[PDB]
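Coming up is one lone chain in structure tokens, specifically the form deposited in one PDB entry.
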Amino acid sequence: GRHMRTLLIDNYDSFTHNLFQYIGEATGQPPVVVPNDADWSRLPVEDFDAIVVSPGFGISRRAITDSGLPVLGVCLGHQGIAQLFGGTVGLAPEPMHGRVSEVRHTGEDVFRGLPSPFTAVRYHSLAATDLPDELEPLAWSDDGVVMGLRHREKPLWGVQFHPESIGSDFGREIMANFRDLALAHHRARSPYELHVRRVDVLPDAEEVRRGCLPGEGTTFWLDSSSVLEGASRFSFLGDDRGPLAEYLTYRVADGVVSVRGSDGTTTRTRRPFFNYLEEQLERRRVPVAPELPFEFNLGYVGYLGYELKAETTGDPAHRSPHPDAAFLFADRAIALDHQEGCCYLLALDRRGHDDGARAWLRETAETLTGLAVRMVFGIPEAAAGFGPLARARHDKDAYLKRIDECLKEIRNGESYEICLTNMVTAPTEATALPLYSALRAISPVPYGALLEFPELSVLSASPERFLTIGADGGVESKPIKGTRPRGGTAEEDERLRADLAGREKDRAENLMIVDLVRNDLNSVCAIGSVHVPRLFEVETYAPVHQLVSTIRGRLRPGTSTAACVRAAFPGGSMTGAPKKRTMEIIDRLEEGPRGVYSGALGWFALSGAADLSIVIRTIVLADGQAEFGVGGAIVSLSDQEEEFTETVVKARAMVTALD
């Protein structure tokens, strides 16, 4: 998009150029330095996204009162904020010049991620004694002096210490936090009215699907079938019956978006899907409700197929037999809060209509209250086969040859890691809901989904977070790579878990994906914002042990949520590195489409938030047959037989559901 522009107001003290260095290192951009006595009217304040007020009347006041921009006051600037809003700046208990204090804080805003206490140098005889009602203290010295404050509403922050002093710690981190706060402010800067109703019941999610949604017709169920503090909390359900609901599909080959309106009309448009999605999410922007503990305030629920790579970094090598994208615009949704044991009902009216949103709220609420009442596959059994009626696109011998081709390409330096996949097809008479009811019992996961669309049903037991994007512009990806089968005993199982956490080969497979996802996020994230808070964590699900790494970033200003997904699509954890050359190798060897498998499934909120899973451990139901993808990383250290066995093991939850 673009880089953030910081204004550094020089108040003519001997600190401005140290702050210059710290902003430059923290943000990857030098700030524009302007003297405090410059002409405000002249100054292109419009061009700037964040102001740092240096220590030492003038434009400092204007910046704080008039600019409407995020401001960080450093020392005399901090006192400026306290004063300008009717505070008392009187003498501290002890004058402190070039002297060190332990600063304790709440770890909020500019103090995010800093240890309490941390060491900071002070250069003042004056402190914010009596804080106004509009300001709140965030930090205090061992001396009892206010060291940090903020305005309760406005994006204004003060520190009564020098972050940039040689005797201070985490100076750069404080400046990076302010940049992040500035980005979050500008993202926060509508054709609908969002109605919300909390119901103090939590019925069984499957009872809600069966009781509240129609058996026949287009429906979604975002299923936290595994609920675990910090990993998953919410489930979402809806249908296309609402008067503002739409069903949207995309065909890469035609390049056309087909939208079936609530009217009945299907509109057709020749353009790329991510571009289409970006336009609609901008046009339909609705702010998050502060009484909602989640950020899905309605929007699009559905899937992005692998073949959409043709409009990201990939080639249109193969045609999916399924829509390359399929989404319900959910005008009406049921949210289950599994932590608090309540439901939230969300409904849209057009800004100037009573489209029966409030009527749906009260009726669904009455329906919900009436509904409120109260495995482990080890090797070698897990690696039996794909099922009795099942045909893999590539039989064992075919797949061993593609693995061999992968090892040659790696040896010739064309790829570092190839996520080679197979596609298995099995005739079934099973309908979506009973089959899904068996799958979710077999493999409880944080990112379960049942999509029941006209052209297909998607039965996902994915545990994998592709992208979680806040309305504030915060981004998290948790690529999974490195797999170990479960043990047929609990001894063998704790062993295989330890083996996965410690083996060089699996760590290398995962690390190369972390670097790849870091690269994708760095193309759309602010410089210095991309980091890896967690490397090589082991997660255990009913069918497999998984190596998982966590990568976070913060979107650049001008970068849409849709743009972020496009840049990272398809997921590095399903392609390998380098992505463009590897996707070409996958085109040649797999000799057909992945379809929904290896794509992304989840929601884009009208708030600009998103939560997308990677489509793995998924059954696509269409035209009397079940289709499921399986695969794994091929690296120089890969054994052909072991890699094939891993693909069979990963099929086991799906094979068991269909059995």
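Definition used throughout: the rigid core is the maximal C-alpha set that superposes within 1.5 Å between two forms. From 1 onward, residues are counted along the sequence shown.
From this point on, the text means the form deposited in another entry, which you will not see here.
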Core-fitted Cα difference of 2 Å or more between this form and the one not shown, single residue among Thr431, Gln339, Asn522, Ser125: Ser125
Rigid core superposition, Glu173 Cα moves 2 angstroms or more between this form and the one not shown: no
Rigid-core frame, C-alpha of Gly470, shift of 2 angstroms or more between this form and the one not shown: no
Is_shifted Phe85 between this form and the one not shown (CA, 2 Å cut-off, rigid core): yes
In that other deposited form, shift in Cα separation for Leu84 relative to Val74, 3 Å or more: closer
Cα separation of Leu84 and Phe15 in that other deposited form versus here, shift of 3 Å or more: closer
